[PDB]
Amino acid sequence: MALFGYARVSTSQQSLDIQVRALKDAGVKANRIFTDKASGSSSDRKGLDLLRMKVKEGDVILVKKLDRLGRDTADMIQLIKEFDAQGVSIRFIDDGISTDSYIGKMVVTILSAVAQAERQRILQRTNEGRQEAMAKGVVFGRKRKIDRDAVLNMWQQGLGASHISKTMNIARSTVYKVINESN
Amino acid sequence: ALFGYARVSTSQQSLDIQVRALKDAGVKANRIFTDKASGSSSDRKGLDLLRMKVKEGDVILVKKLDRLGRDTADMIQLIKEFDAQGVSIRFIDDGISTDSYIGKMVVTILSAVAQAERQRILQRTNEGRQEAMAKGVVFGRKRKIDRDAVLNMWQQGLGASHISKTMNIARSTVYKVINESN
Amino acid sequence: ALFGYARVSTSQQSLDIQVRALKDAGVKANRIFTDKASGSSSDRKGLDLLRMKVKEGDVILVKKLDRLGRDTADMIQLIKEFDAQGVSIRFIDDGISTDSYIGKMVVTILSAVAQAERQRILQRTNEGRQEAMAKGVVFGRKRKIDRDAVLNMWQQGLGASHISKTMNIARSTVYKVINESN
Amino acid sequence: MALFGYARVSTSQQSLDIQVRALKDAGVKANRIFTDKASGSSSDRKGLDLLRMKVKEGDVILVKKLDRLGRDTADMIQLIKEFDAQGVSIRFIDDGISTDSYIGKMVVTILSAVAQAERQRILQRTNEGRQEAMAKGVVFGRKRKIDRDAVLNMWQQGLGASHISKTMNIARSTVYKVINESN
DNA sequence: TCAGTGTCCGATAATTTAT
DNA sequence: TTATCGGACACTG
DNA sequence: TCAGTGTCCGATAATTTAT
DNA sequence: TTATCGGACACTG
DNA sequence: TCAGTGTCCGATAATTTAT
DNA sequence: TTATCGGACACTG
DNA sequence: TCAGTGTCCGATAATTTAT
DNA sequence: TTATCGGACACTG
């Protein structure tokens with residue numbers, strides 16, 4: 001009954017807001033909502049790490065979808081098991097299912113398990129996608145901003161780099177690089 | 001390299017059916033590994049060892065799901081581990097293996113369905129403890145010492161470092177029989 | 001308005017335990033329907049009747065999944081029929097209901113898991129008998145008629161009707177004992 | 001392996017090609033690929049009907065994803081029952097499994113079971129969707145086309161309905177309804 | 001009254017492949 | 001995944 | 001060389017309740 | 001669970 | 001030769017709600 | 001889900 | 001009124017194989 | 001799966 005929220009994001013679609021509104025619509029107050037922008041690091045999840053420090057027997061954490069609490073089924077089951085012993089349950093808003101009962105945890109598991117397999121089948125199709133596009137001749141990576149014909153045409157003209165980097169507005173690091181590559 | 005694993009938790013120590021089934025499947029005694037729950041923490045030292053002696057390409061065998069893993073959490077981790085190591089599990093009766101992605105899923109599912117049905121039995125077993133507990137069924141090891149001779153000889157005056165020598169019981173139990181019977 | 005349903009398929013006709021559970025659950029005996037599968041094609045009249053006598057709002061109780069249904073297809077059908085008719089099923093031991101969307105899914109999954117486990121047991125039993133027609137083992141009902149009193153009487157010049165009257169057996173059999181003992 | 005294909009479509013996204021492509025890519029001849037586009041009417045899947053009349057023992061039908069062959073899970077489980085007692089088996093490309101074995105069927109069943117659940121959950125959100133908009137004020141249905149301020153302005157004037165529906169290009173049914181509906 | 005050149009990374013910024 | 005940015009150094013004179 | 005008396009746990013052994 | 005088995009202390013006179 | 005009038009559908013077409 | 005077409009009827013004058 | 005004789009099934013009871 | 005009961009024929013003279 002001592003309600004808590006949790007929201008998480010992993011891509012450009014930082015609609016963390018859309019998550020937090022979903023949380024507040026469900027009666028969780030800003031007071032006890034915990035956020036995580038997974039900066040792509042091994043496991044730098046501060047928000048959560050702070051959530052399990054304040055919850056005590058009685059409380060109920062809320063999350064919007066399954067694939068938020070946990071990246072992978074193995075991790076997520078441990079989390080639930082911990083909490084359970086601690087005396088706290090998790091309610092999933094969109095899935096409309098929850099950890100308080102036994103057939104509850106069962107469904108949760110069954111559900112994220114079908115997720116993970118689907119997740120992985122996509123991951124493979126995405127890597128082959130890169131191969132039949134990479135060998136195809138498609139170009140990957142940041143589009144080139146710099147007018148390089150304006151670097152060659154300025155160095156072959158006598159002038160030194162420090163000068164070139166100031167008149168044009170770019171780092172000197174780049175100027176020399178542009179030179180050594182065009183041989 | 002093929003490996004076996006068998007485990008037991010109750011009086012039905014047919015570790016033999018398991019160990020035989022594994023042999024039939026082609027596992028040499030040489031690499032079959034055994035554990036038998038004494039009811040301690042997780043002194044599954046036989047398992048602990050088997051996972052030391054495995055390398056990329058090895059395959060472990062087990063007769064049924066609920067052997068390897070007690071709870072689905074513990075189970076999934078063990079596979080997550082073995083998998084990283086380059087090793088797979090093939091379950092004989094359940095007829096599936098951690099070999100593929102779908103494989104793992106079906107394992108994960110079946111244990112999850114098991115744990116569930118296994119929990120309901122526990123709570124049912126427990127509810128039944130109470131419909132015979134208050135009914136009047138006595139619990140414990142059945143009494144064996146003749147208590148109509150311990151109190152019959154102590155009240156006569158004979159010492160307590162002598163009555164345990166006449167009969168065949170410990171000196172701890174004579175003082176327990178006297179004190180408790182008030 | 002509550003209803004019950006119990007069913008039985010083997011010697012363990014503890015059809016009572018079921019109806020005790022359905023009365024302990026709060027169904028009036030008025031509303032507890034019953035069937036007992038002889039093993040014939042499909043003679044479940046009790047159900048046939050129940051599904052005629054229920055209206056929107058009613059709930060049917062049943063003790064375990066594997067009662068309402070032999071196989072998972074039938075199982076879903078029954079549910080579907082009831083569903084469009086304003087009635088829902090509640091499985092006791094299992095502790096789930098066809099009340100909701102998730103509700104039905106869970107049921108479906110469970111039966112599917114069960115069916116697989118069921119067809120594996122069938123193929124094992126089926127290899128079990130096969131591989132035990134190599135040693136003994138003697139199948140069939142145990143012989144009762146004194147066959148050493150039939151030959152012993154027929155070689156004595158006596159005729160088959162006499163032998164059927166004297167020993168209280170069928171003339172069908174008199175000849176069969178003989179023609180199957182050369 | 002008598003190979004066969006099957007593709008199906010239910011919305012504007014009639015990318016029937018993508019499916020038929022997937023099938024050919026997987027190794028079916030157009031010679032044995034079969035096609036159905038539902039029109040929303042009761043049930044008119046004449047294409048499948050045809051194919052299950054032409055298969056025999058040994059044959060294998062291919063399909064791109066689960067939700068193509070079967071609408072609801074019973075209907076799905078029944079086709080398979082039919083096909084099974086016939087000596088055919090279905091392979092699902094993207095889901096990477098087939099009715100081939102016992103465990104096979106189980107997985108198929110479990111998966112569509114999940115599908116149908118999450119599909120109904122979507123559908124009820126679509127329907128509470130038209131409610132946070134129905135009572136919000138929005139008007140549903142076809143946009144009104146007949147100029148009504150010329151039907152009533154022509155009727156109080158006195159003229160009969162028959163003359164009203166002949167002058168303006170409207171059916172006499174619509175005249176009466178418009179009148180009876182607005183007073 | 002120190003100052004200019006050129007090299008070598010780790011951060012940071014935009015970009016592709018897929019449901 | 002490739003591009004640029006901002007600095008840290010190690011040289012020269 | 002007490003030399004016995006009395007209490008107070010940590011191991012084991014035999015049991016019960018249920019699929 | 002409850003019953004026994006072997007001890008370890010902490011005191012006696 | 002009705003010949004005009006008013007009602008009550010089943011079919012179609014055009015629309016909105018959403019992942 | 002609401003807006004129109006075409007008809008099918010059952011009446012009147 | 002035969003009156004007797006043998007052969008060949010379909011239904012059930014008992015009994016096996018396994019969880 | 002087998003063992004047996006009650007019969008339904010087909011034969012028998």
# chains A, B, ... in the order shown; residues from 1 in each chain; ligands from 1
>>> calpha_fit_and_write(fixed="chain B", moving="chain C", output="tab-separated table (two decimals) with C-alpha atoms, in the first residue's frame")
chain	number	residue	atom	x	y	z
C	1	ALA	CA	32.31	-35.52	-24.44
C	2	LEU	CA	29.31	-36.64	-22.39
C	3	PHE	CA	28.65	-36.21	-18.69
C	4	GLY	CA	25.98	-37.33	-16.27
C	5	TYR	CA	24.37	-35.92	-13.14
C	6	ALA	CA	21.97	-37.43	-10.62
C	7	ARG	CA	20.61	-36.20	-7.30
C	8	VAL	CA	18.41	-37.29	-4.41
C	9	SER	CA	16.54	-35.60	-1.53
C	10	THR	CA	14.35	-38.24	0.22
C	11	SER	CA	14.20	-41.88	1.46
C	12	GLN	CA	13.63	-42.90	-2.16
C	13	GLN	CA	17.41	-42.99	-2.79
C	14	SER	CA	16.86	-44.65	-6.17
C	15	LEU	CA	20.06	-42.80	-7.07
C	16	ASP	CA	20.77	-46.05	-8.91
C	17	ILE	CA	17.86	-45.83	-11.38
C	18	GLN	CA	19.31	-42.41	-12.32
C	19	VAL	CA	22.88	-43.70	-12.79
C	20	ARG	CA	21.52	-46.74	-14.65
C	21	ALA	CA	19.75	-44.29	-16.98
C	22	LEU	CA	22.96	-42.26	-17.40
C	23	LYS	CA	24.90	-45.42	-18.23
C	24	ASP	CA	22.07	-46.68	-20.51
C	25	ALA	CA	22.33	-43.30	-22.25
C	26	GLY	CA	26.01	-43.81	-23.05
C	27	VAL	CA	27.93	-41.89	-20.37
C	28	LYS	CA	31.06	-43.59	-18.99
C	29	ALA	CA	31.03	-44.01	-15.17
C	30	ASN	CA	34.18	-41.91	-15.31
C	31	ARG	CA	31.98	-38.90	-16.10
C	32	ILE	CA	28.77	-39.40	-13.99
C	33	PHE	CA	28.80	-37.00	-11.04
C	34	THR	CA	26.70	-37.33	-7.89
C	35	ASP	CA	25.13	-35.43	-4.99
C	36	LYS	CA	22.85	-36.24	-2.04
C	37	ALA	CA	21.11	-33.36	-0.23
C	38	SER	CA	21.19	-33.95	3.52
C	39	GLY	CA	18.80	-30.98	3.79
C	40	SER	CA	21.58	-28.65	4.96
C	41	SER	CA	22.06	-25.08	3.64
C	42	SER	CA	23.67	-25.86	0.23
C	43	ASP	CA	26.15	-28.76	0.11
C	44	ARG	CA	26.14	-29.94	-3.50
C	45	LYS	CA	29.83	-30.74	-4.05
C	46	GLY	CA	29.41	-33.20	-6.94
C	47	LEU	CA	28.12	-30.38	-9.15
C	48	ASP	CA	30.71	-27.92	-7.82
C	49	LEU	CA	33.22	-30.43	-9.17
C	50	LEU	CA	31.58	-31.18	-12.51
C	51	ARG	CA	31.45	-27.49	-13.43
C	52	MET	CA	35.20	-27.29	-12.91
C	53	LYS	CA	36.02	-30.21	-15.22
C	54	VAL	CA	34.14	-29.41	-18.47
C	55	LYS	CA	35.26	-27.69	-21.69
C	56	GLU	CA	33.58	-26.21	-24.76
C	57	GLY	CA	31.84	-28.98	-26.70
C	58	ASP	CA	30.79	-31.06	-23.71
C	59	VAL	CA	27.16	-31.89	-22.89
C	60	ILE	CA	25.84	-32.70	-19.40
C	61	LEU	CA	23.04	-35.25	-19.21
C	62	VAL	CA	20.37	-35.19	-16.47
C	63	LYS	CA	17.19	-37.29	-16.04
C	64	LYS	CA	14.49	-34.72	-15.11
C	65	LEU	CA	14.40	-30.91	-14.68
C	66	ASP	CA	13.90	-30.89	-10.95
C	67	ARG	CA	17.32	-32.31	-10.37
C	68	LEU	CA	19.76	-29.68	-11.49
C	69	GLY	CA	17.68	-27.10	-9.68
C	70	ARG	CA	15.70	-26.44	-6.53
C	71	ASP	CA	14.25	-23.11	-7.73
C	72	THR	CA	13.80	-21.43	-11.14
C	73	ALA	CA	16.32	-18.59	-10.54
C	74	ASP	CA	19.19	-20.89	-9.58
C	75	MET	CA	18.13	-23.10	-12.52
C	76	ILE	CA	18.56	-20.28	-15.05
C	77	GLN	CA	21.81	-19.20	-13.46
C	78	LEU	CA	23.42	-22.62	-13.81
C	79	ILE	CA	22.36	-22.65	-17.46
C	80	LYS	CA	23.63	-19.13	-18.05
C	81	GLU	CA	27.06	-19.98	-16.50
C	82	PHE	CA	27.43	-23.08	-18.65
C	83	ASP	CA	26.08	-21.24	-21.68
C	84	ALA	CA	28.79	-18.56	-21.85
C	85	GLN	CA	31.30	-21.41	-21.28
C	86	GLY	CA	30.39	-23.53	-24.35
C	87	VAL	CA	28.34	-26.31	-22.71
C	88	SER	CA	24.71	-27.36	-22.83
C	89	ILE	CA	22.38	-29.55	-20.78
C	90	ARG	CA	20.07	-32.30	-22.05
C	91	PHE	CA	17.10	-33.50	-20.01
C	92	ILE	CA	16.21	-37.13	-20.79
C	93	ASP	CA	12.69	-37.95	-19.58
C	94	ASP	CA	11.76	-34.35	-20.47
C	95	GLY	CA	13.26	-34.67	-23.97
C	96	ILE	CA	14.53	-31.07	-24.46
C	97	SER	CA	17.93	-29.30	-24.47
C	98	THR	CA	19.56	-25.98	-23.52
C	99	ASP	CA	21.13	-26.30	-26.95
C	100	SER	CA	18.98	-23.62	-28.67
C	101	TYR	CA	16.98	-20.42	-28.10
C	102	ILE	CA	13.55	-22.04	-27.96
C	103	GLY	CA	15.29	-24.73	-25.93
C	104	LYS	CA	16.02	-22.47	-22.98
C	105	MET	CA	12.59	-20.78	-23.07
C	106	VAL	CA	10.76	-24.15	-22.78
C	107	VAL	CA	12.96	-25.15	-19.84
C	108	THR	CA	12.26	-21.80	-18.13
C	109	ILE	CA	8.52	-22.02	-18.62
C	110	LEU	CA	8.33	-25.56	-17.35
C	111	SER	CA	10.21	-24.86	-14.12
C	112	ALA	CA	8.09	-21.79	-13.51
C	113	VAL	CA	4.92	-23.89	-13.91
C	114	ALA	CA	6.42	-26.51	-11.71
C	115	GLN	CA	7.40	-24.06	-8.98
C	116	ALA	CA	3.86	-22.71	-8.74
C	117	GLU	CA	2.43	-26.23	-8.48
C	118	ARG	CA	5.14	-26.89	-5.85
C	119	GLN	CA	4.27	-23.86	-3.59
C	120	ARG	CA	0.62	-24.81	-3.64
C	121	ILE	CA	1.39	-28.33	-2.45
C	122	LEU	CA	3.49	-26.79	0.30
C	123	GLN	CA	0.67	-24.67	1.64
C	124	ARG	CA	-1.70	-27.63	1.54
C	125	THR	CA	0.66	-29.96	3.44
C	126	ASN	CA	1.09	-27.02	5.81
C	127	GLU	CA	-2.65	-26.66	6.46
C	128	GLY	CA	-2.86	-30.45	6.61
C	129	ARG	CA	-0.60	-30.74	9.68
C	130	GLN	CA	-2.08	-27.66	11.36
C	131	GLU	CA	-5.64	-29.07	11.12
C	132	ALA	CA	-4.42	-32.48	12.34
C	133	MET	CA	-2.96	-31.15	15.60
C	134	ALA	CA	-6.59	-30.77	16.68
C	135	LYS	CA	-7.57	-34.47	16.77
C	136	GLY	CA	-4.63	-36.70	17.57
C	137	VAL	CA	-2.31	-36.95	15.89
C	138	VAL	CA	0.92	-37.69	17.72
C	139	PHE	CA	3.92	-36.10	16.03
C	140	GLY	CA	7.59	-36.89	16.60
C	141	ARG	CA	9.70	-40.02	16.84
C	142	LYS	CA	8.08	-42.90	18.69
C	143	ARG	CA	9.05	-43.26	22.38
C	144	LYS	CA	11.36	-46.19	23.28
C	145	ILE	CA	12.54	-45.98	26.89
C	146	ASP	CA	10.52	-47.77	29.62
C	147	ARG	CA	9.31	-44.71	31.57
C	148	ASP	CA	7.35	-46.83	34.08
C	149	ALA	CA	10.69	-48.32	35.16
C	150	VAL	CA	12.35	-44.97	35.80
C	151	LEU	CA	9.80	-43.43	38.19
C	152	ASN	CA	9.35	-46.89	39.71
C	153	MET	CA	13.10	-46.91	40.44
C	154	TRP	CA	13.58	-43.27	41.47
C	155	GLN	CA	10.79	-43.25	44.07
C	156	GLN	CA	12.57	-46.31	45.51
C	157	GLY	CA	15.26	-44.00	46.95
C	158	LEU	CA	17.69	-44.64	44.07
C	159	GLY	CA	19.88	-41.94	42.48
C	160	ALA	CA	20.10	-40.79	38.86
C	161	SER	CA	23.57	-42.15	37.97
C	162	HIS	CA	22.64	-45.66	39.11
C	163	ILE	CA	19.48	-45.51	36.95
C	164	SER	CA	21.53	-44.42	33.88
C	165	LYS	CA	24.06	-47.22	34.33
C	166	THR	CA	21.50	-50.00	35.01
C	167	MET	CA	19.08	-49.20	32.18
C	168	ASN	CA	21.46	-48.32	29.37
C	169	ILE	CA	20.29	-44.74	28.99
C	170	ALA	CA	21.70	-41.22	29.40
C	171	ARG	CA	21.64	-39.32	32.75
C	172	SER	CA	20.37	-36.41	30.68
C	173	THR	CA	17.20	-38.41	30.19
C	174	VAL	CA	16.76	-39.89	33.66
C	175	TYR	CA	15.99	-36.39	34.99
C	176	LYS	CA	13.96	-35.48	31.88
C	177	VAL	CA	11.56	-38.43	32.25
C	178	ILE	CA	11.02	-37.38	35.88
C	179	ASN	CA	10.78	-33.61	35.47
C	180	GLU	CA	8.25	-34.13	32.66
C	181	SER	CA	5.89	-36.49	34.51
C	182	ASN	CA	4.14	-34.49	37.25
>>> interface_residues(of="chain D", to="chain J", cutoff="10 Å", atoms="only C-alpha atoms (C1' of nucleotides)", output="list in words")
residues 139, 140, 141, 142, 143, 144, 145, 146, 170, 171, 172, 173 and 174 of chain D
>>> write_last_selection(atoms="C-alpha atoms", output="PDB file, in the first residue's frame")
ATOM      1  CA  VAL D 139     -18.460  12.607 -33.532  1.00  0.00           C
ATOM      2  CA  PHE D 140     -18.008   9.180 -35.168  1.00  0.00           C
ATOM      3  CA  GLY D 141     -19.327   7.883 -38.467  1.00  0.00           C
ATOM      4  CA  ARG D 142     -19.589   8.946 -42.092  1.00  0.00           C
ATOM      5  CA  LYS D 143     -19.579  12.694 -42.780  1.00  0.00           C
ATOM      6  CA  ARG D 144     -23.002  14.154 -43.614  1.00  0.00           C
ATOM      7  CA  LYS D 145     -23.298  15.065 -47.313  1.00  0.00           C
ATOM      8  CA  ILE D 146     -26.881  16.057 -48.174  1.00  0.00           C
ATOM      9  CA  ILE D 170     -31.210  11.828 -53.556  1.00  0.00           C
ATOM     10  CA  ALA D 171     -33.322   8.724 -52.879  1.00  0.00           C
ATOM     11  CA  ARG D 172     -36.818   9.327 -51.420  1.00  0.00           C
ATOM     12  CA  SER D 173     -35.924   7.217 -48.373  1.00  0.00           C
ATOM     13  CA  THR D 174     -33.505   9.930 -47.277  1.00  0.00           C
TER      14      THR D 174
END
>>> closest_residue(among="D:95, D:149, D:75, D:181", to="chain C", atoms="only C-alpha atoms")
D:75
>>> select_by_dssp(residues="stretch 8-153 of chain A", states="helix (DSSP H, G or I)", output="PyMOL selection string")
chain A and resi 16-25+30-32+46-51+66-69+73-86+102-134+149-153
>>> write_last_selection(atoms="C-alpha atoms", output="mmCIF file, in the first residue's frame")
data_model
loop_
_atom_site.group_PDB
_atom_site.id
_atom_site.type_symbol
_atom_site.label_atom_id
_atom_site.label_comp_id
_atom_site.auth_asym_id
_atom_site.auth_seq_id
_atom_site.Cartn_x
_atom_site.Cartn_y
_atom_site.Cartn_z
ATOM 1 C CA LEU A 16 10.492 8.903 -19.639
ATOM 2 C CA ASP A 17 7.680 11.428 -19.268
ATOM 3 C CA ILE A 18 5.106 9.066 -20.881
ATOM 4 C CA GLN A 19 6.196 6.467 -18.316
ATOM 5 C CA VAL A 20 6.038 8.816 -15.339
ATOM 6 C CA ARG A 21 2.551 10.067 -16.306
ATOM 7 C CA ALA A 22 1.433 6.433 -16.511
ATOM 8 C CA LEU A 23 2.856 6.053 -12.984
ATOM 9 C CA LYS A 24 1.150 9.126 -11.612
ATOM 10 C CA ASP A 25 -2.170 8.198 -13.241
ATOM 11 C CA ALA A 30 6.747 12.140 -7.337
ATOM 12 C CA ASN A 31 8.008 11.738 -3.815
ATOM 13 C CA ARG A 32 8.763 8.028 -4.454
ATOM 14 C CA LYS A 46 21.534 4.023 -9.711
ATOM 15 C CA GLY A 47 17.784 4.598 -9.552
ATOM 16 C CA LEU A 48 16.914 0.972 -8.858
ATOM 17 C CA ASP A 49 19.876 0.505 -6.507
ATOM 18 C CA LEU A 50 18.287 3.246 -4.423
ATOM 19 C CA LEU A 51 14.792 1.840 -4.683
ATOM 20 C CA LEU A 66 7.728 -5.950 -18.168
ATOM 21 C CA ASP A 67 10.806 -5.093 -20.220
ATOM 22 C CA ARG A 68 11.522 -2.208 -17.882
ATOM 23 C CA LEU A 69 12.349 -3.786 -14.536
ATOM 24 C CA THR A 73 14.759 -13.038 -17.492
ATOM 25 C CA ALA A 74 17.543 -14.397 -15.239
ATOM 26 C CA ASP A 75 18.272 -11.003 -13.637
ATOM 27 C CA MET A 76 14.549 -10.147 -13.295
ATOM 28 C CA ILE A 77 13.648 -13.345 -11.441
ATOM 29 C CA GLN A 78 16.309 -12.718 -8.805
ATOM 30 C CA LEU A 79 14.970 -9.212 -8.258
ATOM 31 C CA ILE A 80 11.452 -10.535 -7.677
ATOM 32 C CA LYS A 81 12.742 -13.290 -5.368
ATOM 33 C CA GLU A 82 14.649 -10.716 -3.245
ATOM 34 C CA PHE A 83 11.697 -8.382 -2.947
ATOM 35 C CA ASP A 84 9.368 -11.277 -2.157
ATOM 36 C CA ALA A 85 11.451 -12.322 0.868
ATOM 37 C CA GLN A 86 11.623 -8.629 1.821
ATOM 38 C CA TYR A 102 1.898 -17.507 -6.965
ATOM 39 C CA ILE A 103 0.269 -17.966 -10.354
ATOM 40 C CA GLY A 104 1.301 -14.322 -10.620
ATOM 41 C CA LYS A 105 5.048 -14.926 -10.498
ATOM 42 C CA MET A 106 4.492 -17.890 -12.780
ATOM 43 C CA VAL A 107 2.802 -15.761 -15.469
ATOM 44 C CA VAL A 108 5.504 -13.072 -15.068
ATOM 45 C CA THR A 109 8.261 -15.627 -15.718
ATOM 46 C CA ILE A 110 6.391 -17.304 -18.594
ATOM 47 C CA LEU A 111 5.896 -13.883 -20.082
ATOM 48 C CA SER A 112 9.403 -12.487 -19.946
ATOM 49 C CA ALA A 113 10.658 -15.831 -21.174
ATOM 50 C CA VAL A 114 8.683 -15.542 -24.424
ATOM 51 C CA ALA A 115 9.978 -12.009 -24.567
ATOM 52 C CA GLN A 116 13.657 -12.913 -24.380
ATOM 53 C CA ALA A 117 13.404 -15.458 -27.192
ATOM 54 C CA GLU A 118 11.583 -12.970 -29.404
ATOM 55 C CA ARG A 119 14.163 -10.319 -28.412
ATOM 56 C CA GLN A 120 17.022 -12.617 -29.471
ATOM 57 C CA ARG A 121 15.534 -13.681 -32.780
ATOM 58 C CA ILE A 122 15.312 -10.026 -33.703
ATOM 59 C CA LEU A 123 18.890 -9.425 -32.615
ATOM 60 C CA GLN A 124 20.150 -12.033 -35.058
ATOM 61 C CA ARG A 125 18.056 -10.714 -37.969
ATOM 62 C CA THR A 126 19.552 -7.287 -37.209
ATOM 63 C CA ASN A 127 23.177 -8.496 -37.511
ATOM 64 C CA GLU A 128 22.613 -10.278 -40.821
ATOM 65 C CA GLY A 129 20.874 -7.089 -41.909
ATOM 66 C CA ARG A 130 24.206 -5.298 -41.371
ATOM 67 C CA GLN A 131 26.056 -7.848 -43.516
ATOM 68 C CA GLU A 132 23.749 -7.757 -46.551
ATOM 69 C CA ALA A 133 23.908 -3.945 -46.306
ATOM 70 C CA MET A 134 27.598 -3.549 -45.376
ATOM 71 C CA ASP A 149 39.038 20.316 -50.514
ATOM 72 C CA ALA A 150 39.425 23.516 -48.471
ATOM 73 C CA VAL A 151 42.183 22.002 -46.346
ATOM 74 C CA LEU A 152 44.333 20.521 -49.110
ATOM 75 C CA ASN A 153 43.866 23.680 -51.183
#
>>> atom_distance(atom1="atom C1' of residue I:18", atom2="atom CA of residue D:72")
20.3 Å
>>> atom_distance(atom1="atom CA of residue A:27", atom2="atom CA of residue A:4")
9.1 Å
>>> select_by_dssp(residues="stretch 4-182 of chain B", states="strand (DSSP E)", output="PyMOL selection string")
chain B and resi 4-8+32-36+59-62+88-91+96-97
>>> write_last_selection(atoms="C-alpha atoms", output="short mmCIF file (atom, residue, chain, number, x, y, z; two decimals), in the first residue's frame")
data_model
loop_
_atom_site.label_atom_id
_atom_site.label_comp_id
_atom_site.auth_asym_id
_atom_site.auth_seq_id
_atom_site.Cartn_x
_atom_site.Cartn_y
_atom_site.Cartn_z
CA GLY B 4 26.07 -37.22 -16.04
CA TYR B 5 24.32 -35.82 -12.97
CA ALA B 6 21.87 -37.40 -10.55
CA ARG B 7 20.34 -36.19 -7.29
CA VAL B 8 18.04 -37.32 -4.49
CA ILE B 32 28.74 -39.38 -13.59
CA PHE B 33 28.39 -37.03 -10.61
CA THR B 34 26.26 -37.52 -7.54
CA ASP B 35 24.65 -35.53 -4.75
CA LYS B 36 22.20 -36.59 -2.04
CA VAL B 59 27.60 -31.85 -22.68
CA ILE B 60 26.06 -32.64 -19.27
CA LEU B 61 23.19 -35.13 -18.85
CA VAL B 62 20.38 -35.24 -16.31
CA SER B 88 25.00 -27.44 -22.86
CA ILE B 89 22.51 -29.54 -20.92
CA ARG B 90 20.32 -32.31 -22.39
CA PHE B 91 17.42 -33.53 -20.25
CA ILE B 96 14.80 -31.03 -24.67
CA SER B 97 18.19 -29.30 -24.40
#
>>> closest_atom_pairs(of="chain E", to="chain A", cutoff="12 Å", atoms="only C-alpha atoms (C1' of nucleotides)", output="JSON lines")
{"residue": "E:4", "atom": "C1'", "partner": "A:162", "partner_atom": "CA", "distance": 9.1}
{"residue": "E:5", "atom": "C1'", "partner": "A:161", "partner_atom": "CA", "distance": 8.7}
{"residue": "E:6", "atom": "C1'", "partner": "A:176", "partner_atom": "CA", "distance": 7.8}
{"residue": "E:7", "atom": "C1'", "partner": "A:173", "partner_atom": "CA", "distance": 9.4}
{"residue": "E:8", "atom": "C1'", "partner": "A:173", "partner_atom": "CA", "distance": 10.0}
{"residue": "E:9", "atom": "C1'", "partner": "A:173", "partner_atom": "CA", "distance": 11.3}
{"residue": "E:13", "atom": "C1'", "partner": "A:142", "partner_atom": "CA", "distance": 8.2}
{"residue": "E:14", "atom": "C1'", "partner": "A:142", "partner_atom": "CA", "distance": 5.0}
{"residue": "E:15", "atom": "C1'", "partner": "A:141", "partner_atom": "CA", "distance": 5.0}
{"residue": "E:16", "atom": "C1'", "partner": "A:140", "partner_atom": "CA", "distance": 5.7}
{"residue": "E:17", "atom": "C1'", "partner": "A:130", "partner_atom": "CA", "distance": 5.3}
{"residue": "E:18", "atom": "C1'", "partner": "A:126", "partner_atom": "CA", "distance": 4.8}
{"residue": "E:19", "atom": "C1'", "partner": "A:122", "partner_atom": "CA", "distance": 6.3}
>>> write_last_selection(atoms="C-alpha atoms (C1' of nucleotides)", output="PDB file, in the first residue's frame")
ATOM      1  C1'  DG E   4      55.097  26.775 -32.234  1.00  0.00           C
ATOM      2  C1'  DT E   5      54.380  21.963 -34.672  1.00  0.00           C
ATOM      3  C1'  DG E   6      52.681  17.481 -35.079  1.00  0.00           C
ATOM      4  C1'  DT E   7      51.207  12.950 -32.838  1.00  0.00           C
ATOM      5  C1'  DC E   8      48.102  10.138 -30.169  1.00  0.00           C
ATOM      6  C1'  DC E   9      43.955   9.052 -27.482  1.00  0.00           C
ATOM      7  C1'  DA E  13      28.538  13.848 -31.757  1.00  0.00           C
ATOM      8  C1'  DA E  14      25.808  12.070 -35.488  1.00  0.00           C
ATOM      9  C1'  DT E  15      24.213   7.505 -38.188  1.00  0.00           C
ATOM     10  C1'  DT E  16      22.991   2.732 -39.846  1.00  0.00           C
ATOM     11  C1'  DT E  17      20.645  -1.888 -39.309  1.00  0.00           C
ATOM     12  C1'  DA E  18      16.039  -4.007 -37.429  1.00  0.00           C
ATOM     13  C1'  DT E  19      11.298  -5.515 -35.534  1.00  0.00           C
TER      14       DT E  19
END
